[PDB]
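In: As a preliminary step, the opening chains of the complex are given here in situ:
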Amino acid sequence: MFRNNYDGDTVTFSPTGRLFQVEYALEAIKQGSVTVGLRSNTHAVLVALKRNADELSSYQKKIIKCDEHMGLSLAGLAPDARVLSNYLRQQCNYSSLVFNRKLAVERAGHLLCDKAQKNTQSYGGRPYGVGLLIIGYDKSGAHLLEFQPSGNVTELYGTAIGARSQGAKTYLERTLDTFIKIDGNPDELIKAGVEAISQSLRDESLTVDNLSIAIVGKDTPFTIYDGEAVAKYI
Amino acid sequence: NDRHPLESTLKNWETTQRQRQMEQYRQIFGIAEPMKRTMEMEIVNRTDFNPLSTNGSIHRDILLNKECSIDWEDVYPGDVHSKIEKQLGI
Amino acid sequence: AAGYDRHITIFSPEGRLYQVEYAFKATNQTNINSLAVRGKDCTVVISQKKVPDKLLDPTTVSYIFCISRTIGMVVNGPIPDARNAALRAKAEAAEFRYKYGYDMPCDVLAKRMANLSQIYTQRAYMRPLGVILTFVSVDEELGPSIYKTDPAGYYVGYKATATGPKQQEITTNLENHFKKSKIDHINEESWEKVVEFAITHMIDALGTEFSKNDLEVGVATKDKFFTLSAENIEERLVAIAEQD
Amino acid sequence: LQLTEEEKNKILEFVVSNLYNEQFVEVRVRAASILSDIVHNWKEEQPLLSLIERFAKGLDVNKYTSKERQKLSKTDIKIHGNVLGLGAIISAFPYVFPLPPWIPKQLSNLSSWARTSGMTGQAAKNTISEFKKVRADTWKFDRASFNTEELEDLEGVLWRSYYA
């Protein structure tokens, strides 16, 4: 009853300048479980809800490490989230070998944009079906990047990605001054994320297995929590 | 080695002269010019397969500026399934 | 819509490449008329300059291109397709001068450019450029010269070729001058009278007077093709206004 | 256009009593797929409101805490048949353009079970995912017939191995 002629190929433009396949690639983010990213002046944090397909089934991986100074969460396509995260780790190693720095996370953002925009511009492929929250810390402080798969990115104090994330997003937005100051007490920046992600659970509950937490600021490098590591944070 | 001084130079001459030309066009005209010229050559090479004919192509001699010039390589030149499963990947 | 026949360069039952016929409508997207003529020892190109917005810099609007020392062209069509074809023509002249040890003739550059247009006119994944190229020089072999090239890859010599959406009036006035004068060039010994003659024909054909900033000029003598500035055009407009 | 009102009634209570089959789970899902065909062919609303009431009686409540609503979804044939029966009603309505106001309300009860990670919630995820798929060509017009929180209750239904 309302057929769209202009959403078959990634290279077509709508008569109104839309790239419909790319806007459909964003609707794949809404297919994942909620992850929340937030930062203070000195720490950035990721907290992620992990699904399973059955009660016998091991929960899905959500946080990935690229280097000691940055990593990411993935609410979108898991097998396509392995393509971007591989390329980001490859670029971290390229920076340590070819330039002897480590890849500042603004520069990591520019490289993900370039790679995703290439998929968005050429025939014989598809847009990436995944949104990334990248967190990192470098000479310019604590950093948090929302990569959206149209080939774009933005510097943000916090955000939520995945199904039912408008709840968690609105809690971060109503509780921002609360998390931006926290600094030298990183466990309250973790509890700030755990309140935010709890708003997207509609009487679902956090459990020791359902939830994963990752933090990267100052000396303490990028680390991930699972099982009882996240029991003190329930 | 025992192998003729000129052999490795003349083996790679056609590739070397075009690779050197594309770097001059990048330098004098910018990245757009060798990006245009490599995509024209890609369309011409990739859409022009015929297992029984190996004698170059008419449009590739126009593109390469070889339409009125003979080398010794043009007067002295040197399985259809094996060609098919190379053109498509095995 | 007839499927692929109208969207790629392939023959209709009739035998029409719709990719080429449509590229000839692209050349009139500028709404610009240009005129070229041969004198005794020069060839001249005059082109209508459109700068409607106050906000443009008229020094950056130009459809006239210097192709080498001795050869130059006007383009009819979109500026992105005119700058692409100018950059090819600059590279083709440079590589000919290296290979053959003498300056690239206008006839040879028009043929070389026309052979490139025949590719896009046969390969289904290549589209013909949306431009007409009007090369002019003073060749030591053919003296003053004019060669025109088009999206179909057909090129031929000329003594007063012109391209534009009002080109038929200019051409019909040129044909009537060459019919009465019977010489195949305008018999002026200096290029100033040739350009003035070429601005008298474009006024008379297009039904409008021109300011010094509403007109363009080209001057191809031996050893130099060059473009006039607005004050050199106004010297000619002043001499036209002094005569009539 | 062949059976009468006593034969279609026998067919209904047979397919509806196959929704509560105590031994087979494949005969409980098969029966929903056929109760959809019975319901699609109804021409008046009073039968459907009474079927909605029968299927909604085991549902449409906060009588269950999340741990009951979860453990009952792994075990309980009664609510399994009621969720399958209500999904059979929802999927009988693929292309009704102005979306009937009972559809958003009953989708709201199913989407409570869709979070419950077992056989009863599976029937609800399948119902909502099939619904969004048929309503994927109308969705800008149908998004107006739901609240903001109801549209979020429709979101996270695909528990596929490649969706994170």
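Out: Structure's in. What do you need? Numbering: from 1, shown residues only, chains lettered A, B, ... in the order given.
In: in chain D, which spans are helices?
Out: Taking DSSP state H as the criterion, chain D contains helices spanning D:7-17, D:26-40, D:45-56, D:66-75, D:77-91, D:102-113, D:119-134, D:139-142, D:148-153.
In: quick one: contacts for the closest residue to chain A within chain C?
Out: Nearest residue of chain C to chain A: residue C:125, at 11.2 Å (CB to the nearest CB). Using the backbone N, CA and C atoms, a C-beta is placed for each residue, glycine as well. Neighbouring residues of residue C:125 by CB atoms under 8 Å, 6 or more residues apart in numbering or on different chains: B:43, B:47, C:8.
In: helix, strand or coil for the last one?
Out: So the one you mean is residue C:8. State at residue C:8, reduced to three classes by DSSP: H, G, I helix; E, B strand; the rest coil: coil.
In: again with residue A:74
Out: strand.
In: and it, how many neighbours does it have?
Out: Applying other CB atoms under 10 Å in any protein chain shown, we find 29 residues neighbouring residue A:74.
In: Which residues of chain B lie near chain C?
Out: Those residues of chain B that sit near chain C, judged by CB under 8 Å from any CB of the partner chain, are B:25, B:29, B:33, B:36, B:40, B:43-44, B:47, B:59, B:62-63, B:65, B:67.
In: Helices - which of the residues you listed land there?
Out: B:25, B:29, B:33, B:36, B:40, B:43-44, B:59, B:62-63.
In: go ahead and place chain E:
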Amino acid sequence: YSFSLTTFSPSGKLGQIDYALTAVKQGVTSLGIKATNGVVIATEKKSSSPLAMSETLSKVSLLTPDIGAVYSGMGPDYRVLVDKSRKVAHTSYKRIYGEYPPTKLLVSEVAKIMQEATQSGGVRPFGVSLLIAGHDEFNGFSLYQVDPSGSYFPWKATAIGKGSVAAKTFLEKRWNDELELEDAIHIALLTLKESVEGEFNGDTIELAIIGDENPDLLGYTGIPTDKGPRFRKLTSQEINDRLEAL
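Out: One more chain to add, chain E, which I have set with the ones above:
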């Protein structure tokens, strides 16, 4: 990968080549005649404007010093085939045998180029039919036609383009096996006088011959072994003098 062009239509026809013969059938006519001691090839020059200088648009072309060509169809397709045909004569045969190829070996090579354009993805077949005419020590004088298919044929006389069926009927009616080169020139000038779209004179008409050797046109003396060009392109004054004998 569903990739080819010029595939078979259910009645056993190639289709795209058929459309390529409709482009040939729309061109300004060209024709050729073989005589006892020479050959003639001829065509009209159609001006895009009377400001065009058709001393620049040659339609009749030298392939080797004893072989000529002319077309009907798309002239751009004919400028590109003629330069490959010239390259072929030198690279395949002159540089191995120190002598130019016959007019059956060069026609086969031109036809092989046009066949490869039918059996391809990515490329349309040519929009030209070529008449190739020439001389060789053992075959003697010859004339051939080549079509978009890559089919080539030996002809006693032929015509191609708009006026071709009326030209071919006149060529059947006038051809006999004892013609000489001055006779064949008159028959060819008569045939173009019926097919002409524009004005008829030495400036609008192209005409070439492969005849006797012309030692004047070799441009150097001292080597009788080298006989000098058989191919000669008639000057516009000769054409006007013969057009006064008409």
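In: now that chain E has been added, could you go back to the neighbour count of residue A:74?
Out: 29.
In: Not counting its neighbours along the chain, what's nearest it?
Out: residue A:81 (3.6 Å; CB to CB, 6 or more residues apart in numbering or on different chains).
In: what separates the nearest residue to residue D:33 once chain neighbours are set aside from residue A:230, distance-wise?
Out: Residue nearest to residue D:33 in three dimensions, not counting chain neighbours: residue D:88, with 7.3 Å by CB to CB, 6+ apart. With distances taken as CB to CB, to the nearest Å, residue D:88 is found 40 Å from residue A:230.
In: So for those two, which residue has more residues nearby?
Out: A direct count of neighbours by other CB under 10 Å for residue D:88 and residue A:230 places residue D:88 higher, at 27 against 21.
In: how close does the residue nearest to residue D:33 get to residue D:51?
Out: Using CB to CB, residue D:88 is found at 9 Å from residue D:51.
In: what touches both of those two?
Out: residue D:39.
In: Could you tell me which residues of chain C lie near chain B?
Out: Residues of chain C lying near chain B (CB under 8 Å from any CB): C:84, C:87, C:91, C:95, C:115-116, C:118-119, C:122-126.
In: For the residue of chain B found nearest chain C, list the residues it contacts.
Out: Relative to chain C, the nearest point of chain B is residue B:43 (4.6 Å; CB to the nearest CB). Shown in contact with residue B:43 (CB under 8 Å, 6+ apart): C:123, C:125-126, E:122.
In: add chain F to the structure above, sequence below:
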Amino acid sequence: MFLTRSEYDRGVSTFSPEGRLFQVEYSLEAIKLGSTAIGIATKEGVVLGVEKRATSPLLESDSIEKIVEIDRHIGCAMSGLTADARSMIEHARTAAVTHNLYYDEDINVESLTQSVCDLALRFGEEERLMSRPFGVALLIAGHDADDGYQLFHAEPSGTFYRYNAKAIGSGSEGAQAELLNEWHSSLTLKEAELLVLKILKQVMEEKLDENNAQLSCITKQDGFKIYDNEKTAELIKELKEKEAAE
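Out: Below is chain F, added to the chains above:
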């Protein structure tokens, strides 16, 4: 019945308005059409089993072995066998041996599972992406020093989960319901064998015997072994007396 088609169905490398890839999703529905295969992981061994369709007597068994050795510590159950299933398994074999000769130790089962999923993302052998499906469902079972006894459902998508117990082929719903109602972290190897036979009995329609059912387990001590028909028979006899003992 009533039709329920969308416009996004049949899309290759395309997202629906929700993001749904419908080629890989319709491939994941084939886990109901195969012959039944079941896996049960425990602290003692991973018990794999498949229902046999009764063969022509002329078809010799080694042609259709749906429980297979990848390596001494890894094996696949398939619900259906295809050339692509043997392609996945022979890629897994070649991957397991190439790992052992490069890294001097036995492959981790997760890493083998990921390597067969990487084959599926490549579509065999340009950016490797999850757009189209490859092959069939594998239950990959194995044992390694780091992550113990593991059962993986490897899907046509190039993604997988570890399961404690998984059923694939035409018993999937009723089997997985009885598995999740019944599985313990206290299952012994013996009880895992009787559990897989009790599940098999209930789906198979037929009377369960050593000619319609097949068993295996991966054990760390014994390696992978497919079970002898006499051993499945004495286990099936033991199931009969366990239910008669009620």
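In: Check the contacts of residue C:125 one more time with chain F there.
Out: Contacts of residue C:125 (CB under 8 Å, 6+ apart): B:43, B:47, C:8, E:122.
In: one more time with 6 Å, if that's ok
Out: By CB atoms under 6 Å, 6 or more residues apart in numbering or on different chains, residue C:125 lies in contact with residue B:43.
In: On the three-state scheme, the most centrally placed residue in chain F is what?
Out: In chain F, the residue lying closest to the centroid (CA atoms, centre = their mean) is residue F:139, at 2.2 Å. Going by three-state DSSP, the secondary structure assigned to residue F:139 is strand.
In: And it, how close does it get to chain B?
Out: Distance, residue F:139 to chain B, using CB to the nearest CB, to the nearest Å: 30 Å.
In: Quick check, that residue in contact with residue F:41.
Out: No - with contact defined as CB atoms under 6 Å, residue F:139 does not count as touching residue F:41 (10.1 Å).
In: before we move on, back to that, bridging residues for the residue nearest to the centre of chain F?
Out: residue F:77, residue F:153 (DSSP bridges).
In: so who does it touch?
Out: Residue F:139 neighbours (CB under 6 Å, 6+ apart): F:37, F:39, F:77.
In: could you redo the last one with a cut-off of 8 Å?
Out: Residue F:139 touches F:37-39, F:48, F:76-78, F:151-154, F:166, F:168, counting by CB under 8 Å, 6+ apart.
In: same deal with residue F:195?
Out: Residue F:195 neighbours (CB under 8 Å, 6+ apart): F:40, F:47, F:179, F:182-183, F:187.
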